Ligand SMILES: CCCCCCCCCCCCCCCC(=O)O
Ligand SMILES: CCCCCCCCCCCCCCCC(=O)O
């Protein structure tokens, strides 16, 4: 039946074993999509991680290997390539808190956040959210009122209340409040604090994914 | 200031010219032909081994080998007759939205969110497949790439620009600017002198590869265009769109001839390919199943279910023997 | 498992 | 603003194109389909002795 | 007075046979053929074959109880039925323990389950419940035999050391061999799997309550409705069996008639778990529930 293609079938099986081993080594890594609203911040959280196209940053924390796809260089219709990231564990979304006065930039960041959060592909994908430049925010809120971006805001212009209001406005954009959780964090200069938060959020996402697969959740 | 009204007047003039030439519709002329609507295709093979969504496949001119790309970073070349995997190429970037197999069969190409078309040399003195040239000149992602010969590859991009590349030099010999939206697909003419590119602006433009200027522009799609394929003559092409509609545009008539729509189908088309005779239009919808449109009558002659997720890519063999549909289910099925 | 007796 | 004049120039060549009646184009497509119908394995099932996928 | 305790036993076997064969078949067909092989689904497939072959074996038990202990099938059919039953029941218990440990490891230690919980490791591990089930079923395969009765009836009672035909020695030898089977029943087939299920479903419930990661009580409800179901179905029989294995000498003369029907009704409750495992692991999963309706 098979004479000289028996070795062809042997090669097919050998390269299939190699495909499976590589596939296990790929499924081992946790995939994070970094859909940063602006060049600001998105670059900063990338440096705070251990380390033209789409940049794939690889780092390992506590025996968990991460892949961060910085897709900011892909300035095109996000609708036609966003489905490529349908299976990412989490979407690290990076916002600059000091963008409220700059131009409306914060309003654009919310438009992008609503675009990805209520997306047909990321219905069950948890969105880690980093509000960056909290230091620049602390100095800025002293002189520039937050009523510039939010007329509806009615609170003392202090860093804690203003930051809480911005976090509330971002976290309130998700219509799907059950299958998704927006893990929010104000970025600390220490690289360890920022990565730990990502590790904790992704461990929560892995636990929830296991619960859904095992039928508990 | 005057240019905008001049352009509007020219658009009205071209529309009037098309309306003048539309003496009759395709459906009226081909209403008396035999309705060949009994198309049952059993899956003859299930090529398995991809561990992620398959976005692109392309048959070889030998109509036996086929290269398929997927998001696990692997181009696999399948001996479709025996289901064997001839090669497994580990791509530098797993985000590959397209792949092509050279007409000579010596090379394969793949590209995607990396913005780079990688050319791989299958036939080398060493036993491994090595990348010959990475064609990096696009600012937008690569949605399609088709080989014209061992040296010329045409590549549609997500930056509104279709490019013509010289592989040995590695530099664009022609850039087809003119689309206003991301170009999602390409289709080379059978004679390789023309190629139609469909874009997200719902406009499919016929280009000339020799000088590089848009020969004709076709509109008629409501939403984004996802797939395009020349009729075997090269005098017509079908287009697949997010609006659940295929349309047959004729190059000489310069206007749409047939609309391929059904009310129960409300899902976008991810892939389009014609049969060897052009009598069948194989449209791969994202409702998880392909369709078989009788191209001359717009009556759905058949369905090709058997795929769990959306049929991302579809291709008919150069001899028309088989139709390989690849899907996000990680499985390619060859039908006959 | 089974108590045969 | 160069894009506007460029679009105007392109829409000029689209305007002066030697078009053909849609009846002729439809007839040509129908004629090709009829001519190559026999050499098309999908339209009519091919015997398993001639089909390479079994 | 005790005739009533028999009809319930017959129905519990009857409901278990039909529901078990249909439901588990669904699990094997949908999970094994229709769905992709993930670690969780292969574990469910193993449990499904374990509690399907046993339910398929149940008609032999119903007929045997019907004919007052007569085993009319033969020698090979008694060897195969009893060998299959013990392999399956012991497995339908070790696999429940393995599923509990899997759900425990994939919640308590998510990093490990991400890095190492692959279908390859899963298939390597799933032999351990089967290999344990086969090694503990060897007393059935090497000793269980059809033994003739002077009363005009044949029985499937274990025959030990047929080499010694001493009436007195046979009872003494059996008491000892059957005590070993009893301790192994309450320290490997009930205590160890119950301990693993209780510890696993307690630790994951404790974590998902302390973390507060869950929003609905459905995870806690499913954990309770699985652990309690396993305890409710097997605790009766394993309890009666232990009192019987601590009273075997007296049972081998027929003196304690009561345990005779105690072992029977309770064992039917134990077998009920085999049919309800498909009802409680795969059909409470929406992915499987959607896949089954779409499968047809
Ligand atoms: C029914 C008793 C429990 C089930 C049987 C034992 C389960 C397997 C325990 C070991 C699993 C693999 C441990 C090493 C994993 C590794 O290599 O990191
Ligand atoms: C690094 C320390 C890890 C400690 C915990 C390891 C647990 C190993 C046992 C896992 C049992 C389940 C694994 C999949 C098997 C299956 O369910 O099919």
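Can you name the residue in segment B:264-295 that is away from every other protein chain (no Cβ under 12 Å), over 17 Å from the mean Cα position of the chain (by Cα) and more than 16 Å from residue A:83 (Cα to Cα) and is also surrounded by the fewest Cβ atoms within 10 Å (Cβ to Cβ) among such residues?
Here the residue is B:264.
Please work out which one of (1) surrounded by fewer than 17 Cβ atoms within 10 Å (Cβ to Cβ); (2) within 15 Å of ligand 1 (Cβ to nearest atom); (3) within 12 Å of chain A (Cβ to nearest Cβ) is the condition residue E:200 fails and give its number.
Here residue E:200 clears every test but (1).
Anything in segment E:236-260 that is surrounded by fewer than 14 Cβ atoms within 10 Å (Cβ to Cβ), over 16 Å from residue E:182 (Cα atoms) and touching a helix residue (DSSP H, G or I) at 6+ places or on another chain (Cβ under 9 Å)? List them, or say none.
E:253, E:254
Here is a list: E:159, E:172. Which entry is surrounded by fewer than 17 Cβ atoms within 10 Å (Cβ to Cβ) and over 26 Å from the mean Cα position of the chain (by Cα)?
Among E:159, E:172, only E:172 is surrounded by fewer than 17 Cβ atoms within 10 Å (Cβ to Cβ) and over 26 Å from the mean Cα position of the chain (by Cα).
If the Cβ limit is 9 Å and pairs must be 6+ apart or interchain, which residue in segment E:98-116 that is within 21 Å of residue A:26 (Cβ to Cβ) pairs with which residue that is assigned to a helix (DSSP H, G or I) and within 11 Å of ligand 1 (Cβ to nearest atom)?
If the second residue must be assigned to a helix (DSSP H, G or I) and within 11 Å of ligand 1 (Cβ to nearest atom), the pairs left are E:106/E:112; E:106/E:113; E:112/E:105; E:113/E:102; E:113/E:105.
Take residue E:140 and decide whether it is at the interface with another protein chain (Cβ under 9 Å from one of its Cβ atoms), in contact with a helix residue (DSSP H, G or I) (Cβ under 7 Å, 6 or more places away or on another chain), away from ligand 1 (no atom under 16 Å from the Cβ) and closer than 30 Å to residue A:217 by Cα.
no
Check every one of the strands (runs of 3 or more DSSP E) wholly within segment B:11-78 and list those with 1 or more residues that are surrounded by fewer than 19 Cβ atoms within 10 Å (Cβ to Cβ).
B:43-48
Step by step: first the residues of segment E:180-191, then only those that are touching a helix residue (DSSP H, G or I) at 6+ places or on another chain (Cβ under 7 Å) and either within 16 Å of ligand 2 (Cβ to nearest atom) or under 10 Å from residue E:238 (Cα atoms) (or both), then the one that is farthest from the other protein chains (Cβ to nearest Cβ). Which residue is that?
Of everything passing the filter in segment E:180-191, E:186 is farthest from the other protein chains (Cβ to nearest Cβ).
If the requirement is being more than 10 Å from every other protein chain (Cβ to nearest Cβ) and either part of a strand (DSSP E or B) or closer than 19 Å to residue B:47 by Cα (or both), which of these qualifies: B:306, B:302?
B:306
Is it the case that some residue within segment E:10-29 is away from ligand 1 (no atom under 16 Å from the Cβ), surrounded by fewer than 17 Cβ atoms within 10 Å (Cβ to Cβ) and within 13 Å of another protein chain (Cβ to nearest Cβ)?
Checking segment E:10-29: not a single residue is away from ligand 1 (no atom under 16 Å from the Cβ), surrounded by fewer than 17 Cβ atoms within 10 Å (Cβ to Cβ) and within 13 Å of another protein chain (Cβ to nearest Cβ).
Can you work out which of the residues in segment E:89-113 that are away from ligand 1 (no atom under 12 Å from the Cβ) and surrounded by fewer than 24 Cβ atoms within 10 Å (Cβ to Cβ) is nearest to the other protein chains (Cβ to nearest Cβ)?
Within segment E:89-113, the match that is nearest to the other protein chains (Cβ to nearest Cβ) is E:110.
Of all residues in segment A:1-21, count the ones that are over 13 Å from residue B:76 (Cα atoms), within 7 Å of chain B (Cβ to nearest Cβ) and in a helix (DSSP H, G or I).
Qualifying residue count, segment A:1-21: 2.
(1) away from chain A (no Cβ under 14 Å); (2) buried (at least 16 other Cβ atoms within 10 Å of the Cβ); (3) not in a helix (DSSP H, G or I): which one isn't true of residue E:284, the others all being true?
Looking at each condition in turn, residue E:284 falls short on (1).
With within 9 Å of ligand 1 (Cβ to nearest atom), surrounded by fewer than 17 Cβ atoms within 10 Å (Cβ to Cβ) and more than 9 Å from chain A (Cβ to nearest Cβ) as the only criterion, which of E:124, E:150 stands out?
Of the residues listed, the single one that is within 9 Å of ligand 1 (Cβ to nearest atom), surrounded by fewer than 17 Cβ atoms within 10 Å (Cβ to Cβ) and more than 9 Å from chain A (Cβ to nearest Cβ) is E:124.
Residues that are part of a loop (DSSP other than H, G, I, E, B), within 14 Å of chain E (Cβ to nearest Cβ) and crowded, with 20+ Cβ neighbours inside 10 Å: does segment A:189-207 have at least one?
No; the residues of segment A:189-207 include none that is part of a loop (DSSP other than H, G, I, E, B), within 14 Å of chain E (Cβ to nearest Cβ) and crowded, with 20+ Cβ neighbours inside 10 Å.
Taking the condition of being within 9 Å of chain D (Cβ to nearest Cβ) and crowded, with 21+ Cβ neighbours inside 10 Å, how many residues in segment B:234-254 meet it?
Counting residues in segment B:234-254 that are within 9 Å of chain D (Cβ to nearest Cβ) and crowded, with 21+ Cβ neighbours inside 10 Å gives 6.
Just need a number here: residues in segment E:192-210 that are away from ligand 2 (no atom under 16 Å from the Cβ) and closer than 15 Å to residue E:89 by Cα.
Within segment E:192-210, residues that are away from ligand 2 (no atom under 16 Å from the Cβ) and closer than 15 Å to residue E:89 by Cα number 1.
Out of (1) assigned to a helix (DSSP H, G or I); (2) at the interface with another protein chain (Cβ under 7 Å from one of its Cβ atoms); (3) touching a strand residue (DSSP E or B) at 6+ places or on another chain (Cβ under 9 Å), the odd one out for residue D:13 is which?
Residue D:13 satisfies every listed condition except (2).
Within segment E:256-279, can one find any residue that is within 14 Å of chain A (Cβ to nearest Cβ) and within 16 Å of ligand 1 (Cβ to nearest atom)?
For segment E:256-279, residues within 14 Å of chain A (Cβ to nearest Cβ) and within 16 Å of ligand 1 (Cβ to nearest atom): present.
Residue-by-condition table, conditions (1) touching a helix residue (DSSP H, G or I) at 6+ places or on another chain (Cβ under 8 Å); (2) within 14 Å of another protein chain (Cβ to nearest Cβ); (3) part of a strand (DSSP E or B):
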{"residue": "B:97", "(1), (2), (3)": "yes, yes, yes"}
{"residue": "B:117", "(1), (2), (3)": "no, yes, yes"}
{"residue": "B:133", "(1), (2), (3)": "no, no, yes"}
{"residue": "B:140", "(1), (2), (3)": "no, yes, no"}
{"residue": "B:154", "(1), (2), (3)": "no, no, yes"}
{"residue": "B:164", "(1), (2), (3)": "no, no, yes"}
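Answer yes if at least one residue in segment A:57-79 is surrounded by fewer than 18 Cβ atoms within 10 Å (Cβ to Cβ) and part of a helix (DSSP H, G or I), and no otherwise.
yes
Determine which member of the set D:42, D:29 is surrounded by 13 or more Cβ atoms within 10 Å (Cβ to Cβ), within 23 Å of residue B:252 (Cβ to Cβ) and within 7 Å of chain B (Cβ to nearest Cβ).
None of the other options fit; the residue is D:29.
Values in this text are rule-based calculations from the coordinates and carry no lab data. In this analysis, Cβ positions are derived from the backbone assuming ideal geometry, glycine residues included, and neighbour counts consider all displayed protein chains.
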